[PDB]
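Asker: I would like to see how this sequence folds:
(chains A, B, C, D, E and F)
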Amino acid sequence: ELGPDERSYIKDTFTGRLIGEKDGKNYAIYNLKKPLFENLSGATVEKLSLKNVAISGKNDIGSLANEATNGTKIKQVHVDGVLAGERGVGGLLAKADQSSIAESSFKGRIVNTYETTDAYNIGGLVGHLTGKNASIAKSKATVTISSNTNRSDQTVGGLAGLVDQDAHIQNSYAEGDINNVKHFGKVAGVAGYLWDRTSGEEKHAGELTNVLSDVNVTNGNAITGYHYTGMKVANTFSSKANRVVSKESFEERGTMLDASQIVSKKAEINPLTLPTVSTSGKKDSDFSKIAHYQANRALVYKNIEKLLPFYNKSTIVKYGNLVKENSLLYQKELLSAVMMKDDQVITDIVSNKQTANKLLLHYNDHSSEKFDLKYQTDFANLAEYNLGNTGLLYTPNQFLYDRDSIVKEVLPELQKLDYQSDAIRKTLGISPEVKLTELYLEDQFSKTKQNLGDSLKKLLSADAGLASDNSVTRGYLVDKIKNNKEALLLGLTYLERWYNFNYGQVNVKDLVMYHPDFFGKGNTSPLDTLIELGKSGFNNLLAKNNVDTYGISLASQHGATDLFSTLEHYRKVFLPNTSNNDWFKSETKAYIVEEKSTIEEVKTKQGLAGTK
Amino acid sequence: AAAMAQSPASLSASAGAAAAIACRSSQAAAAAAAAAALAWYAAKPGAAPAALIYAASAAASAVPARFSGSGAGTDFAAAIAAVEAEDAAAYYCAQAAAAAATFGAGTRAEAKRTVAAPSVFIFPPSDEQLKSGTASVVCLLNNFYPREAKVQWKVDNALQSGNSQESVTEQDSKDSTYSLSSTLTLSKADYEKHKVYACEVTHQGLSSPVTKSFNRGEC
Amino acid sequence: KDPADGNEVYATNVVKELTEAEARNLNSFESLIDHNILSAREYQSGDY
Amino acid sequence: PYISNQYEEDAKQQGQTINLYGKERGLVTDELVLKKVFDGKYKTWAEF
Amino acid sequence: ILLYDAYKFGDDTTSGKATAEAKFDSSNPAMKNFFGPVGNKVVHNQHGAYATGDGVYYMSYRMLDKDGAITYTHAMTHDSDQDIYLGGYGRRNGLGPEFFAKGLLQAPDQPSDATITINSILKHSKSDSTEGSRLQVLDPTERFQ
Amino acid sequence: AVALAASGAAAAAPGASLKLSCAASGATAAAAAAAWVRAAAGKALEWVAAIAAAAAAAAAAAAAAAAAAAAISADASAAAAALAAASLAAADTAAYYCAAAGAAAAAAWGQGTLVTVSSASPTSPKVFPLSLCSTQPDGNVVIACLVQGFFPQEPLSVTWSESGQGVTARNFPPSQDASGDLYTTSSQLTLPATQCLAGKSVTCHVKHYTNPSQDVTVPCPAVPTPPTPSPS
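Answerer: Numbers count the residues shown, from 1 in each chain, chains lettered A, B, ... in the order given. Find the structure here:
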């Protein structure tokens, strides 16, 4: 049980002096929610794996431990998961003092988009390398790290940050994406501030050797942030990739990926050989070995699995056999959306008896196909629908549980809140001196508090499938909505304020806040992302960082890479065959005046959507 | 603590001249520890002192002076011979005969070189500390030799004395130069009284007078 | 002398009242160009 | 050429260096501009 | 390069262009719903226009008035005279940023101005009373090809 | 191990002994010891108290002035030095480093702590960032943070966020204020022109007395010339 403010599970200063998983197959500690070890000192943890890490802390965070004080031989450690911090983030160890990490790996998101103003050393593998014999050998970090530096002393470095006192990164990789919002900080792909606080002797700064980083770093260098005359990097490599006009402030190296593979002593572990636990692990939905399994319709089975969730594989294949070739169901399909004449209906239990008019299927070709829906073979356990003359069966992903028992309990408590109260100021990272005038959500907060019933009913409708008549699951939902009431309200206000623009007659205020599976990735819950956005901090909810907040909280969960990619994607699904700039000029209310020059050459060049 | 006096107050080495250090102790350094009761410690202002040699019988790693330094009795004389620009700090001698340190003494082994001109900088009104009302104007001149630099403060074409404060930093080993920054504390009303503030510095190296003139509100 | 760069090669234009000894020598039209004289109708007499 | 120092490198090769921000750089003088734009036409701005 | 306006909004009671700099908490709809959310704290002194190198800001000259373009050309010349208006080489070492703008490479401040400038923006037909003392180019896009 | 940390400084009541503890690690009494040195700062400096080896049962000769004013306590579990230094006089305050004083047996090394004993209580230091009124020299950039009415001078550390190769940060010695005898200090640092980009912000890193650091944005940007065209 997570301590209310406990730093780590194991509070002892030196731990796992010899923790090895060598017994049989490799074993992994799934679902860590806080650093495994508070500190380390001469302790060698080896062959340990972490699969689903979701560590968030105000203080420096380290998936394995927060600080390796002396000679900790970390080895064969593979950590995967999302890490979010504020005062400093670390891949494996937030600070490695006189400790060496060899043959380790990392593959997860790292978010530090909070508006903190302090000296932190965030790194995809280790935060701070200060030891003389400290070394990183044969390591790899696929870190899609995003952070906001907003000050010169910060250092975001992918494989490592602020490497100091002769620590050497040898034969390491770095294949992720770094997205610093502004160029103020020293941000680089494979190392950060190689220079040291004491005089920078060419040897006292740091050392790199046979390192490669094909990371799509933005607002920074590809190898080393601070470049000087007596540079101590010995061999560096960087595969050609967009640096978004490239800065070209980093060393240039060749491709021949075959040669690049040899640089890493240990390529990967993947076996985990330890093969059980997970929730998203079973996607079968094992179409093969079914009574009527066919080979050419295999994908079609998947293409119908999104239409009949919580159904037997036999029914899946039986309804897949009825699909015809003339229909557009032979392309890869993402999750659909039920709409009542361009309304994006989500609350099913209120609109299930009413025949929902349209069902919009969004194929992987970014094509929208509208089918007719009628309430047919209606059940009280799970609603059902038919699809035109094809006779296919469609069902919503909700069990139509008693929402009123949860509403009547959680609505009165959510109603008694104020924008200038102490609960919101405590949920945010705000001291009583500064004001909330930079959020610009007061009016929208009052509005979202007024009509809370509709939004709250929509939220419960998509968060979870409650197949329980006993009040234990409804009580769990009540507790999850009550324990984070302030964060829930802040997230619900933020997502409703800056996301309520229409695509013709379709408002994405319901398709972005809710329905997170529209671009695939149905695993995320719309209630979990709201809580993660509420308590994300005052800087993440800030109005100025609306473009970076999407990449940290909403992205990597809705299945999209960035906010602009999401907007262009939505322009493809609805309002197709029209330029995105035309949709922008038609939707916004700001009076936009554009004047193409009279010269025919520039008049023809300006029209193209091409950038620049 | 009896040996608070070190031979001389300030002894200058001319870029390789190598000053000789020979402190005197009230207790005689003759102790039965099978070695002479003398050692030399060199400490820069800030960091804790490091002993150059222990008991004047052996030389520690990275010694400032290659030449040996063995002394006996209350007064001992030794020559560093090897001279480095970096070695420009106070040095303390502690006898190995007894566990006691002659602190409060030290030797200023200064340095003589061509009188390099010292840069002069003038700094304008600052928004910070305005609420306090203690308006302070600072003019900075560093890496300028001679070691002793005369400072003056002129406000509204009038000489200023007493209120102005002058601080001298320890000589840098690499450049063998002394930089002194002048700090002035004035009331907010006092700043209003004089429209322009001028900083003037006089040095042996520059016969011509050098001064910096700034006007409040002119950034 | 300029605060940005240490070199004093930069030149600033200065307009002054010409002396009587120069005035009598301005008889040639070519001399106007050679003695570097400019009309005072629109240009101030102070240094630029 | 008169206002955009594109003849700077030429100056440096011929001479006329200037210490800009602590680095040796070319100093484009009016004599160089006159000898490059109008090499054979004129020799002094007064002649031009 | 963006050309933000002053942020100095004016109520219906103000006689001319008001000088009340907004404080980012202003009730004015523009500050609450757009300029404030896209935070860009600008120095906002009462008079003058400055080009930060990556943008242009109007504090006194209104962007829409006819005197807005005569300041627009000055600000743009300061903003992009290092690799645009020149052949590609930087400014001269001695000449400052104010040399390549007020005297040269700027449209005249007034039509009747007796200055050596190039009327590149303002297009004024002979219909206006400005025809008297035109002392400049009639049409910029017509004369310069 | 060779790590030691000072404590209990900057506010010792007059006439009352103050306690300073050095957190020595793996220290051995037979080959190592802990001492407190009265080196102080720019005044009359003598000596404090130094501890003998464990084989000596923590018993060593002490100065007559030092005797009866300093108390020394040694704990095996603590593994550090407790200074029981007594009847604290007004001029008693100084700087002492806790480490083995070149012991023949073995060497244990050092740091020291600074405390100021006065009737006035440990006022928080104030530091303010000043832009240069005059343009800086070619390549190098000069920016400085001024400390006014700060207490106590020892131990206070001032640092600059931005770091550059061959950076110069002249340190200025404490100066008594005209009223209240407040300490005066300032930090000056120079970095290459390429290192400080236009619009870049630098914050001074100053600690008044082992308390949360405060930052005041200083000016290093070279953004120049504000356009002021006049229509006449």
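
Asker: Now for residue F:227, how many residues are close by?
Answerer: 23 (other Cβ atoms under 10 Å in any protein chain shown). (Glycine included, C-beta is placed from N, CA and C.)

Asker: distance of whatever residue of chain B ends up closest to chain D from chain F?
Answerer: Using Cβ to the nearest Cβ, the closest approach of chain B to chain D is made by residue B:119 at 13.1 Å. In this view, residue B:119 and chain F are 7 Å apart by Cβ to the nearest Cβ, to the nearest Å.

Asker: Tell me the secondary structure at the most centrally placed residue in chain F.
Answerer: In chain F, the residue lying closest to the centroid (Cα atoms, centre = their mean) is residue F:155, at 2.7 Å. Following DSSP: H, G, I helix; E, B strand; the rest coil, we place residue F:155 in the coil state.

Asker: Is residue 24 part of a helix or strand, or is it coil?
Answerer: Using chain A here. coil.

Asker: Which residue ranges of chain E form strands?
Answerer: E:3-4, E:49-50, E:56-58 (DSSP state E).

Asker: right, and the residue of chain B closest to chain D touches residue B:149 too?
Answerer: No: the criterion here is Cβ atoms under 8 Å, and residue B:119 misses it with residue B:149 at 11.8 Å.

Asker: joint contacts of these two?
Answerer: Common neighbours of residue B:119 and residue B:149, counting by Cβ atoms under 8 Å, 6 or more residues apart in numbering or on different chains, are residue B:141.

Asker: related to what we said a few turns ago, distance to residue A:47 and mean neighbour count for the strands of chain E - can I get that in a markdown table?
Answerer: Output for those, formatted as a markdown table (distance: least, Cβ to Cβ, whole Å; neighbours: other Cβ atoms under 10 Å in any protein chain shown):
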| stretch | distance to residue A:47 | mean neighbour count |
| --- | --- | --- |
| strand E:3-4 | 57 | 16 |
| strand E:49-50 | 62 | 22 |
| strand E:56-58 | 60 | 22 |
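
Asker: closest to residue A:578 out of those strands?
Answerer: strand E:3-4 (28.3 Å; Cβ to Cβ).

Asker: Given the closest one, what are its sheet partners and their directions?
Answerer: strand E:56-58 (parallel) (DSSP bridges).

Asker: Which single residue of chain D ends up nearest chain B?
Answerer: Closest point on chain D to chain B, by Cβ to the nearest Cβ, is residue D:22, at 13.1 Å.

Asker: Could you tell me which residues make contact with residue A:370?
Answerer: Counting by Cβ under 8 Å, 6+ apart, residue A:370 has contacts A:358, A:359, A:360, A:361.

Asker: Work out for me the element the second one sits within.
Answerer: Residue A:359 is located in strand A:358-362, with elements delineated by DSSP states H and E.

Asker: Show me the contact partners of that strand.
Answerer: Residues contacting strand A:358-362 (Cβ under 8 Å, 6+ apart): A:333-342, A:368-373, A:385, A:387, A:394, A:518, A:573.

Asker: try stretch A:246-256
Answerer: A:188-189, A:212, A:220-224, A:227, A:233, A:236-240.

Asker: quick one: which of the residues you listed is most hemmed in?
Answerer: Counting by other Cβ under 10 Å, top hit in these: residue A:189 with 34 neighbours.

Asker: wouldn't that one be in contact with residue A:161 here?
Answerer: No: using Cβ under 8 Å, residue A:189 is not in contact with residue A:161; the gap is 11.2 Å.

Asker: biggest helix in chain E by residues?
Answerer: Identified as the longest helix of chain E according to DSSP state H is helix E:66-79.

Asker: That one and chain A, any residue contact?
Answerer: No: under the criterion of Cβ under 8 Å from any Cβ of the partner chain, helix E:66-79 makes no contact with chain A; the nearest approach is 13.1 Å.
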